[PDB]
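What follows is a single structure, written as structure tokens, with notes after it.
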Amino acid sequence: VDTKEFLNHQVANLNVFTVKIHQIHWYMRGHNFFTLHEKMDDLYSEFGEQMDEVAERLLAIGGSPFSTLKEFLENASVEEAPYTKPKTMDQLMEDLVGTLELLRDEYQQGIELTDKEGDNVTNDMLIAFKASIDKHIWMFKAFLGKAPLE
Amino acid sequence: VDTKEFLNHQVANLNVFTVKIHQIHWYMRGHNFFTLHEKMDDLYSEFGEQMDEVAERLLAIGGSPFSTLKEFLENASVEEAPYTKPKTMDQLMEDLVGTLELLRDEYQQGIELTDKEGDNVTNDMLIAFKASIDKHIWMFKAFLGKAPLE
Amino acid sequence: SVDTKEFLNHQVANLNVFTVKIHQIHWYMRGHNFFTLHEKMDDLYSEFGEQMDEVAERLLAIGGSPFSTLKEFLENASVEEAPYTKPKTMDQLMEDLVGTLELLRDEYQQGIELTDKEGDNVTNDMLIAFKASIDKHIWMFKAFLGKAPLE
Amino acid sequence: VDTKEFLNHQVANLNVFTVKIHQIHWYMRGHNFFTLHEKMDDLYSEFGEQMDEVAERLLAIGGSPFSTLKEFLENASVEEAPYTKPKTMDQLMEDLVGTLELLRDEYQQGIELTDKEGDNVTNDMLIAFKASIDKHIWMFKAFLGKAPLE
Amino acid sequence: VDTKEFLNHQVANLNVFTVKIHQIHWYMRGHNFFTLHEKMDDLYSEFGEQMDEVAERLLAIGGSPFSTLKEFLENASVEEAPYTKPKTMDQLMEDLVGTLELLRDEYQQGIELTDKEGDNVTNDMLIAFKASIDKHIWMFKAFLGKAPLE
Amino acid sequence: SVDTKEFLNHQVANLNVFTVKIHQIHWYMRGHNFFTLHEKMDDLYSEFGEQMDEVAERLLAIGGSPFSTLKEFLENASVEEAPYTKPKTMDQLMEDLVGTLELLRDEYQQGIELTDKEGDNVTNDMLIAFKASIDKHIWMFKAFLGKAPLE
Amino acid sequence: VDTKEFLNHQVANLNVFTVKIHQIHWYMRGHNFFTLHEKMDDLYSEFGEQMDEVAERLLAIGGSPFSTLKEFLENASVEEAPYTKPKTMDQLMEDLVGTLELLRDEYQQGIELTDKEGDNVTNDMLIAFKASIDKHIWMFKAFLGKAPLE
Amino acid sequence: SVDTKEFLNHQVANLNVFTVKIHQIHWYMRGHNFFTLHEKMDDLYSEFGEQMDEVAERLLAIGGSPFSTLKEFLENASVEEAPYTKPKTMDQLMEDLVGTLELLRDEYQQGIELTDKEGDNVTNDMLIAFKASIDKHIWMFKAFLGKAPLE
Amino acid sequence: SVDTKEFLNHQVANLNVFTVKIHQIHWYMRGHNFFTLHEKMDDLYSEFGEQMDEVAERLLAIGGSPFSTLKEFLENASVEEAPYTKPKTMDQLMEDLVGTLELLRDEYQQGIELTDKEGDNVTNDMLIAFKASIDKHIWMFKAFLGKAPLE
Amino acid sequence: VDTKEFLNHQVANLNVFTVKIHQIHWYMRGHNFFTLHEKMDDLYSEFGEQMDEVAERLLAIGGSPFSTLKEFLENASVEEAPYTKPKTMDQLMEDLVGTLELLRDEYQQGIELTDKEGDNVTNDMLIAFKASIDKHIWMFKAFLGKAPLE
Amino acid sequence: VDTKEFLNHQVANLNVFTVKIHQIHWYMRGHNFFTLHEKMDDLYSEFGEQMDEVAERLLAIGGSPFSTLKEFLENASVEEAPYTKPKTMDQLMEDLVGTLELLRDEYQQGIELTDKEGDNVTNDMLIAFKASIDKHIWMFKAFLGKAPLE
Amino acid sequence: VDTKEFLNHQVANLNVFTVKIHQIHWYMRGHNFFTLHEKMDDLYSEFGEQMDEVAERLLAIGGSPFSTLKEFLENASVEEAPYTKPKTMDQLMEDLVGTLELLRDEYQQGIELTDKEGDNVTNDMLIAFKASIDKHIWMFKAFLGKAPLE
Ligand SMILES: [Fe+3]
Ligand SMILES: [Fe+3]
Ligand SMILES: [Fe+3]
Ligand SMILES: [Fe+3]
Ligand SMILES: [Fe+3]
Ligand SMILES: [Fe+3]
Ligand SMILES: [Fe+3]
Ligand SMILES: [Fe+3]
Ligand SMILES: [Fe+3]
Ligand SMILES: [Fe+3]
Ligand SMILES: [Fe+3]
């Protein structure tokens, strides 16, 4: 609706994603365990940092960030499912990639939204984030033997 | 119950607790803003580390950690509330200290349990976490003008 | 690029006055929050001195000529300074800080619009990066004062 | 020409330029040898890192970077010449400066094109690169005793 | 036995184990070579440290550590075999894991022994070691696509 | 938990005497092993001042009140001190050090048993970690003197 | 008192002061807890280092430092009191400030004294220590809301 | 030293082609080992770019004139390159890498024998050091391929 | 202590004008030595900004009240500034730099004599350490100009 | 004896030597305990690294390293003895020095052999190792109050 | 002699001392080799730095440092002797001490002289140097079992 | 002249040269002062290190290094001259370059001699030293606007 709605929505998103990353991190099995386990820790730090920056930018424009698991669940478009059946490393990475994709497309919407509201600072912050998400999408798709936009 | 269930319960508690720490971090105001904004950053890292160590130890012993916000909410005894009304620094710190005290007393229950079960590794892990928690209770209570045990 | 150059040179002047004011606060502050805000002012001083040098070199890079004397900074700055003559509270000093950060925020916003319209993309993004941080500072110092960022 | 085509052209350019920086670095003679010999190592790193980011951005948008010397030579607008006749430091810095100007001018075209197409990430990336190039032009022109735009 | 005999027994074990880790480090082949080759280095340092710490704790309680290959071979329960036939990465990891479990299980005896004997320092030393072994067991079993205890 | 508190406060007293004893040795030592042992005392000084602080802060965390004056430390310590009067050899000084280490080891052992029975697991493990290092220093300083750790 | 006796007097003072810093460190309460608790750690290091340098300068001029608590108590002009009555942060800082003022003025006596006895080294050392004490007095007075010499 | 000079200049050409090949592999690779190999190609890139600068500067130091254009490297390289057209498995890309490493090992071996005969000792030891590292890479990358170093 | 206070405050003023002069030189300089000198001014800027802050804080510590506006700095400084209007050579710029360093040397010498007479031993040593560094810069920059330090 | 045999023989030696370093490190007593206890740690890492490099060079030339204690004992010319009766610091160092000299001398044989075979890499590796052994011999000989070759 | 002559005399002395430290560093034997050997590198670097600061202060006052070995030999009061007869560690340390005492006492003259002359910078520089020299004398006399001024 | 005598000769040479580096470092004037002044600091450390390594290598082969200025003057082939007249920066670099060339050629003799004697360690040390010297010659000749061997 506006920048404050978008930013807050991403605070909810990033808190679900962050827990998803830990899910993959904890439950992964297979020959790529050691590298993807560590890779997940890197994603966790990186997206935890995005989330703090998003909330603090929300604060800076007069907004009020969601700040409970209850609120995050209610508001996030990012999905979570409990870990039940064993999943393949590729299936865990597909779920990671699908979420990276949703964030890319939503941030793209937020990039357009903020550009037309004239919120230059939030615009540029969202672009910086998308750049990194776009790079991760390429790399994780390459892990999956696929092209970035394939 | 057992060590697995206790440990899983703490995964849930620690996830609710880290988000609270962010809430305190985001909504704090007052002459102590700078010192406490930063101090909350430190608690965030430390309790995020505790969480990953609890989850991993649970994994090491044959368990399967909660790994969704839905599950954390279903299982945490740590309580959260949306920030729908302003709260002073002292009220936020009071909530923090009460949460630390809840974690201390629960960790104490787990320390006794793991000892009774003969799980020495989880026993020493939880003792080290309590050492830190006990230290924080002294310091944050000192901040509030109170003795550690109130 | 006349106005972009003029705007940049205006901010060189502003930043040199702001930076000395940051020292004034650093030097003269008293109160229970001295140790925290004393150090805080060191950080602010470094950062806005760096903003200043970047602003100056962006100007040079577009064929401009930065103001480079105290006399030029005074003739040109919209940032206000006053000698410290009578004691001020920590809150009074932080209000003067915030007022000046709000001033720089709004003027940088005009610079961002200006550079956007002249198509100076480098300068545009630079001023945007500076404003990001200024907006973050305003939130934090206002929280210290017990006020919402825009109230 | 679109964004992929522009980016891939710069992959070619950056690979020729990077070899030119090495040419200057190796053959330079004169009183400012020690500082400029070192400055060229810095330029080498920075522009090789530009190159990598341009190629990886290209990868992220679904393109395929040139990745052979033949391709770089076929596509580059940046020009190279073997080092036969000896040259003054000024002469070498004038080759370096002219090549910097070519890149600035071509990046400006890219900035505009990438804006038109709505590729915000590639847009910002190219603005950041131009910010550095523009700074380099001011500094190397000063070395030549010239204004940056003269 | 007593604490001295147990500690000395482990000095023997850890020296056989350390050489085994080198064996795996040297002879390993397969797609996970680079990360696993490096991992073995990490394990080599860690278990070299345990060994020095075990020997020094033994020294500090009035004991005399085994200090020759002859004594290690005479005393170790950890087994070794010359590398004659090629082994797969999985088989190598299985030898690693099986030795880690042997150590975990003997350390458990040492923990229990040392608790009866009242040697609190050696007790906690051995608990800290098992903590790490337990974590390694989880991770290498995960690499093997198995639960830690299966 | 009077006893855990009392034991901890006693060691606060002890460690402050011991820390000054380490400086005594640090300052007055002479002989061929000066450069090594002079620096070794600096390490011991840091480590035992760190123990002391952590003992005091744990006492604070259990609701105690740590001794915080030289007078209190002298009134309560079982660690002994003597002014440096007649010259002492390197070995003589190391024997005083080793002797104090042994006293603290044996007293920490008593506190380890005390905190066990009292159910204070945090203080229990703190004390164990401290004894681990003490026993290591005893082995090493006894080695310097040409003796076995427990002889 | 000559240079030796002055220095030896300060060894005693510095040891009482150092224990006083710990007292404040331990017992402090109030909203400035976190920053001032940490500040006491800094002063503790700094004045411990002053003390080691004073004693080693004494050693270097043929002197014999006091090296027991008994001697320190017998010789110190710096005073201590057991912590009984709870004290505000300001009261603790007044005590800190008061003792810094004592040391400043005694060091000034040491500076004059040591100039007269032609001990240039001890002279410059004490000046350096006074420079920092003077800075502390200014900063700690500002905390108390006072001018430095007020 | 014409033949030394000539050998060194030939390796400048080779190393520049190899380095772009490393980037080609780096950029296009796909498969379960992407994350490890992608970083490993960065290490290789740095290392062989470093070898290259060292080869060129040694050439400079002996009175030589390094090739310093893309055209000169192609005219003078024995390492071959081809545009990336059809998808290749990670093993195929590592086979191309190992093949090129082997070519350099073998050519450096010739350089080692040549500089020895000419008595250029510095170049000799520089080449040997480089070969040590290439021989090590061949072992590790053949092991990745499930193969023995020389099979 | 009025003269020490006034002298210190006079130097706060000087160092603020000098500091902006160092940026003027840093920004406007051209010529073959550009890269070294441009970076060297960044060094002088940091060092002299540090000197200034230490002077103000020492002035604070002796009960003084530092000048803290561009206006006060201009009203009190003996160091002179002039806007950059016509181009100047690197030597011309370094001569302006050296001239200012020499003024500060000579004034600091007066402050060393003054603080010595007034018995301000701390300010005395501070001024001497600053002069030590100023004297070495005069040698080095004179050396840059092909001059002996004192000619 | 060819290069592969020589290298494998050194794998055996270095593994016996490394344990002997630990023997000295653990059992030493006397006034120089602290520096020599430390120097043994440095030697252990250094000769542990020689060992790893020797084994890896053997790998790189198509060889197969000894990789068990049994193989090391079966193949080593370096001798070892349980610590049955206490040794002086001097005597422990003479045993250390004797082993350095043995290695030096054998490496000299390997350096000649490897020169005849035209293995330039292994040649240079062995020379670098001997450079260090030579230095240690001078240094440990000096500690013994003797010239390096007497 | 004036300040310039005094400063220049110390450049000569310090260059001789510099080489004397190497002589001791190279030729020393005995149980304290490893400590003292490293101790001489520290001393070498420290007094090398003193010498450099002495020369540069001379330059800064309009002087001209001796800058050839011939000039150092012609002007030094520090004495050197070729190493012909072997010396104990103590004898070497006594030569080191003797030279330190010589520098102490001549610096003391330079301090008095530079005070009269009104050269404050040089006065403080020499005082800082003498402080370190005084400390070395205490420490090296302690090594020799003696009081500092014995 | 054998290996011992050649190495000892370079001990002498290196001490003369290191003092020459200082002379140039102190007395240099001209527009390149700041970069060349620091470059001499680099050279001083580097050739300072060569000298120690030469002297310790000599020790290791049973020799006794020259260790007084008198012995260095009696033995050096490197020449020194008192700085009576100011020299140009180019003249100072010509003197520098000239001495590097002398060392290069004498190292070449030592390389040949040490090869013929079968001292592989010294051979390799000398080669490594010459590598750097050769690089310096290219670089300093480039500064002077000359080709390395011109
Ligand atoms: Fe934050
Ligand atoms: Fe983890
Ligand atoms: Fe890359
Ligand atoms: Fe050890
Ligand atoms: Fe503490
Ligand atoms: Fe000390
Ligand atoms: Fe290079
Ligand atoms: Fe300040
Ligand atoms: Fe290895
Ligand atoms: Fe210097
Ligand atoms: Fe050495």
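Each chain in the structure tokens gets a letter, A, B and so on, in the order shown; residues start at 1 in every chain, and ligands are counted from 1 in the order they appear.
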So which residues are near ligand 4, meaning at most 12 Å away with only C-alpha atoms and all ligand atoms counted, given back as a ChimeraX atom specification?
-> /E:48-60 /F:136,139-140 /J:21-28,33-34,36-45
Determine which residues of chain I sit within 10 Å of chain G, taking into account only C-alpha atoms, and present them as JSON, numbers by chain.
-> {"I": [54, 57, 58, 59, 60, 61, 62, 63, 64, 119, 120, 121, 122, 123, 124, 125, 126]}
Take the residues from that selection and write them out as a PDB file, in the first residue's frame, keeping C-alpha atoms.
```
ATOM      1  CA  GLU I  54      44.008  16.983  22.603  1.00  0.00           C
ATOM      2  CA  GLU I  57      40.605  18.569  26.010  1.00  0.00           C
ATOM      3  CA  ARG I  58      43.700  19.669  27.931  1.00  0.00           C
ATOM      4  CA  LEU I  59      42.219  23.184  28.005  1.00  0.00           C
ATOM      5  CA  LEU I  60      39.003  21.651  29.364  1.00  0.00           C
ATOM      6  CA  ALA I  61      40.961  19.727  32.025  1.00  0.00           C
ATOM      7  CA  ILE I  62      42.645  22.918  33.366  1.00  0.00           C
ATOM      8  CA  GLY I  63      39.265  24.677  33.739  1.00  0.00           C
ATOM      9  CA  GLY I  64      39.295  26.411  30.352  1.00  0.00           C
ATOM     10  CA  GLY I 119      54.579  25.332  36.125  1.00  0.00           C
ATOM     11  CA  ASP I 120      52.035  23.500  33.919  1.00  0.00           C
ATOM     12  CA  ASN I 121      54.161  20.363  33.455  1.00  0.00           C
ATOM     13  CA  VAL I 122      51.457  18.344  31.638  1.00  0.00           C
ATOM     14  CA  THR I 123      50.666  21.016  29.010  1.00  0.00           C
ATOM     15  CA  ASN I 124      54.447  21.587  28.717  1.00  0.00           C
ATOM     16  CA  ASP I 125      55.183  17.949  27.737  1.00  0.00           C
ATOM     17  CA  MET I 126      52.151  17.816  25.414  1.00  0.00           C
TER      18      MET I 126
END
```
List all protein, DNA and RNA residues that have at least one atom no more than 8 Å from any atom of ligand 8, counting only C-alpha atoms and all ligand atoms, and write them as a PyMOL selection string.
-> (chain C and resi 23+26-27+38-39+42) or (chain I and resi 53-54+57)
Of the candidates L:46, L:119, L:79, L:106, which one gets nearest to chain K if we count only C-alpha atoms?
-> L:79
Might you pull out every residue within 12 Å of residue 30 of chain F, with only C-alpha atoms counted and same-chain residues fewer than 6 positions away left off, and present them as number ranges by chain?
-> F: 24, 36-38, 87-94; K: 138-148
Compile the residues of chain K that lie within 6 Å of chain J, evaluated using only C-alpha atoms, and express the compilation as a PyMOL selection string.
-> chain K and resi 29-31+33
